[PDB]
Amino acid sequence: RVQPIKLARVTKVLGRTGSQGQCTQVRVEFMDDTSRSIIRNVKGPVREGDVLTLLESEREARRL
Amino acid sequence: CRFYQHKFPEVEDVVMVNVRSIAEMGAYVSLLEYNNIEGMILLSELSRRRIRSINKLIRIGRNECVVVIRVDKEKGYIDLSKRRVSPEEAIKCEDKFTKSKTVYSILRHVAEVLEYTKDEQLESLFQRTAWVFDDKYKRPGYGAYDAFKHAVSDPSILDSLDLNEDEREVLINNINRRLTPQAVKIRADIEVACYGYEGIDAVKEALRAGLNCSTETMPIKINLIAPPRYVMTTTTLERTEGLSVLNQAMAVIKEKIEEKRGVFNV
Amino acid sequence: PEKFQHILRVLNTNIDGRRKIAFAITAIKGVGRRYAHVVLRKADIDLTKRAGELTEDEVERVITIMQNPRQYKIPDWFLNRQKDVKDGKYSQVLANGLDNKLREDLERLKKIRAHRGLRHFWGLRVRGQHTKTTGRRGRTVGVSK
Amino acid sequence: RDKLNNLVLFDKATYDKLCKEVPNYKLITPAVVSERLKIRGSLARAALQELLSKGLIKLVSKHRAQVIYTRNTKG
RNA sequence: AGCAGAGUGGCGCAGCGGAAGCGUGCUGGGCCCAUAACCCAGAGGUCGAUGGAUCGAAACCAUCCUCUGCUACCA
RNA sequence: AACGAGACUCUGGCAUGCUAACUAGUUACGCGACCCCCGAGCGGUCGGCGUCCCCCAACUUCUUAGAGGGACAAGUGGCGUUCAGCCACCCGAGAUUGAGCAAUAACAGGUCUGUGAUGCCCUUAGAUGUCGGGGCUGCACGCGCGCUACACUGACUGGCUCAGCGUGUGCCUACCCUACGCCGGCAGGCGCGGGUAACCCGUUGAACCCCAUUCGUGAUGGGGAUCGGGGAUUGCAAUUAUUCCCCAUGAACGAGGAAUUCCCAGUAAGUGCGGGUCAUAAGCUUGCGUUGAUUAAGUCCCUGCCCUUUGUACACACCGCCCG
RNA sequence: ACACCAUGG
Ligand SMILES: [Mg+2]
Ligand SMILES: [Mg+2]
Ligand SMILES: [Mg+2]
Ligand SMILES: [Mg+2]
Ligand SMILES: [Mg+2]
Ligand SMILES: [Mg+2]
Ligand SMILES: [Mg+2]
Ligand SMILES: [Mg+2]
Ligand SMILES: [Mg+2]
Ligand SMILES: [Mg+2]
Ligand SMILES: [Mg+2]
Ligand SMILES: [Mg+2]
Ligand SMILES: [Mg+2]
Ligand SMILES: [Mg+2]
Ligand SMILES: [Mg+2]
Ligand SMILES: [Mg+2]
Ligand SMILES: [Mg+2]
Ligand SMILES: [Mg+2]
Ligand SMILES: [Mg+2]
Ligand SMILES: [Mg+2]
Ligand SMILES: [Mg+2]
Ligand SMILES: [Mg+2]
Ligand SMILES: [Mg+2]
Ligand SMILES: [Mg+2]
Ligand SMILES: [Mg+2]
Ligand SMILES: [Mg+2]
Ligand SMILES: [Mg+2]
Ligand SMILES: [Mg+2]
């Protein structure tokens, strides 16, 4: 019930999912072990390479 | 003025709240079982099933009992929920709430003639009265209204503690008028079919045999509802100790009416 | 600073003492704000003291100006009542002279039943306004029978 | 709507509080004095100007819209 | 005549002393190309009448009146 | 092979290169004149301010408007079956300015009240072809396009300093835009010139904005409905108040339920100014500038549209058809 | 990885 923050760097933009095409699929690293990688769904206009912030690195969202 | 022994409600408590504004992702609602720190109920948590219009569930100015789930005891974020209530909780909360409201309005007259420049002296009186009043009776399940009850009947604890002036006046002269008759219901469920012509005197001697070990001055409430019945409202205490006055009383009546001529009831 | 009485009861109406004297006396009917500044200017009064900071003798100097404006050299185009229909005088009706002068004017109109008198009677709009979609006080009507 | 009570000229208690509030503040604007005291605001302006005429305060910026002061330019 | 229950918006009703709302109806509007369903605004109150307690009631107490069910059914 | 798309025509953005200008200018000095020392100096000279007056001085940067020039996905790097093309970047005034014009087939769309375009029907001297008066404005109520507001990111009172598109004496018809002087608080009045217009109104002294003063959270000095009294102009005539000015009266309204409209960069919005109608005269509309954002660079969810495949008992075409 | 969507001078 307590987890630290994690900071990921965007490495690729996949597509614009969501029902109105609002959120964006993105693949991130983890900036402490660059081996890790997940797919996340962001809400603003991501570019490439900028540092997101994850409040629960364990999830991995898979659609809209 | 604070309602209870803790200013911030704890988790898993049911609270009386007056909804005030239907938000975009919740509703901002007042707090009425605790002081008016805001509360936010999530819109995902009004009802367990799909809703046609929110005004059919909640609308500004409707007392309702809701359960808090989480709270930042520091910053002041009272997270509230309505899916998670049984209508019994509503009862056990609303009755104690309507008790606490009269205790609030009663502990208000002292500030009329005593210092009232600050809402904090209300807290001053609150910590000396309500905290100690419920720190005892909360083990079996009773509150400070029960203490004021035990007081205005036999005034014995208000003296046992620090005594005020004119506040025991506004205590009793309000409670024992709102603590007002607990109506009695014991009547004489006896059917007799008389066979004695001298019996009009038997009924009189049995009326004077109504309540035993007692006097000929204390009044009794006779009712002639059925001519073959003899119905009485006995020694009027509270409907809590005149039980034997129904348990044993009718016996002398039925026997003395049965002894004369012919067999009778019991 | 200046902790003596403030409120004053100028003729038949309670002039609050707090507001600036200009905006203080406007609580009199018939006396708007453009007329009040002229009255105060011709009264020589300072225009940076509230109603509470005037003694009992300046206020009479102001009253007598409000009542007799024509003679303190306030021109004949400031007065709200001009060539008065019944007698040719020019003056400012002040407090209940305004009520009675409106009352008398409506009576004067209705008496000869002019087209305006009847409009004041029937309670309608007296100038030339359309009335199909305006005013609109009454209650809704339904088509059901 | 309520009744924000305000005075147009001081009473002795409030006048004392004015001549003693000067150090207590690092931000002296007409609005804050009009709210912490029960001052109309056209009175707070005059009182602040009066104090400034006594060198008790230091004017840091005056504009047509907003005015400010400071504590003493000391300490 | 008696017992029990009830008397609150046009109508059915909720309302364990800090005090007027719910379902439906009426009037109007929204949605649709229209109409029903569905959504929202407004009006409508001697809380049966009379007194009393209470700091205060529609609510508690007392008297009376009016409806409903059931026996009593009574020169 | 033909049409539509595109090409095209107008417009906005760039030329210190060309053509050439008392109906546009600038710089210079020929000037001169005014004024201040404002600085060297003293006051002139050295200078500073000039929509002060000149030049038969020099030129075309600003102004005007003609001919040509320029931009092509042309260069460089990625992705492309190495095609058609897409993405980023360099140089640049600019790497997507805004409009006009528009197909085949249709609709029982609108218009006989634009027409001396028009078939048929009607009325035709007691007229359905002219003058005087009234109406289109009538108010219990339902809706639509709008204007002004609910104030302090404000209202009032002074002070300061900036535009662009335009129109202007009327052919019957009978009227135009206004300078400058004087009179009146104001609307307005009299007098005497310019303009058929880059020539005069006019350097179009526009509002918001900008700077300084009063008010103080109060339906208040916010807001300006409704109503009383008076004074002018237009016209043959102003009452049911044409418009306009002054004193006075001082309502609802404290950011608006269910719903729902418009919008992507000099755009939304705020702000004023010309054209149309116009004897008088915009809360309209058509254009013009002026201060100038937040959010997006997407999708097919909702409402719709285009192309292919598929199903149909529909073809007046799902607002269809049809069973008890 | 399916709430409700009837009718037509
Ligand atoms: Mg072009
Ligand atoms: Mg150009
Ligand atoms: Mg010049
Ligand atoms: Mg060209
Ligand atoms: Mg290439
Ligand atoms: Mg460049
Ligand atoms: Mg184009
Ligand atoms: Mg076409
Ligand atoms: Mg036609
Ligand atoms: Mg024809
Ligand atoms: Mg004719
Ligand atoms: Mg005619
Ligand atoms: Mg019309
Ligand atoms: Mg329209
Ligand atoms: Mg007209
Ligand atoms: Mg216009
Ligand atoms: Mg004109
Ligand atoms: Mg016009
Ligand atoms: Mg029009
Ligand atoms: Mg296509
Ligand atoms: Mg097919
Ligand atoms: Mg087919
Ligand atoms: Mg068929
Ligand atoms: Mg059909
Ligand atoms: Mg159908
Ligand atoms: Mg349908
Ligand atoms: Mg049917
Ligand atoms: Mg049918």
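One is the number of the first residue shown, and numbering goes on along the chain from there.
Heads up, header says this was done by electron microscopy, 3.3 Å.
In case you wondered, yes, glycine gets a Cβ from its N, Cα and C as well.
According to Swiss-Prot, the protein carries these features:
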type     : residues : note
CROSSLNK : C:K86    : SUMO2 cross-link
CROSSLNK : C:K89    : SUMO2 cross-link
MOD_RES  : C:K89    : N6-acetyllysine
CROSSLNK : C:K101   : SUMO2 cross-link
MOD_RES  : C:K101   : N6-acetyllysine
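Between the CA atoms of C:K86 (SUMO2 cross-link) and C:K101 (SUMO2 cross-link) there is a gap of 11 Å, rounded to the nearest whole number. Here the recorded sites are C:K86, C:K101, and the one whose Cβ sees the fewest other Cβ atoms within 10 Å is C:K86. Summarising the environment of C:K89 (SUMO2 cross-link), the number of other Cβ atoms within 10 Å of its Cβ, over all protein chains shown, is 11. Cα of C:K101 (SUMO2 cross-link) to Cα of C:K89 (SUMO2 cross-link): a span of 13 Å.
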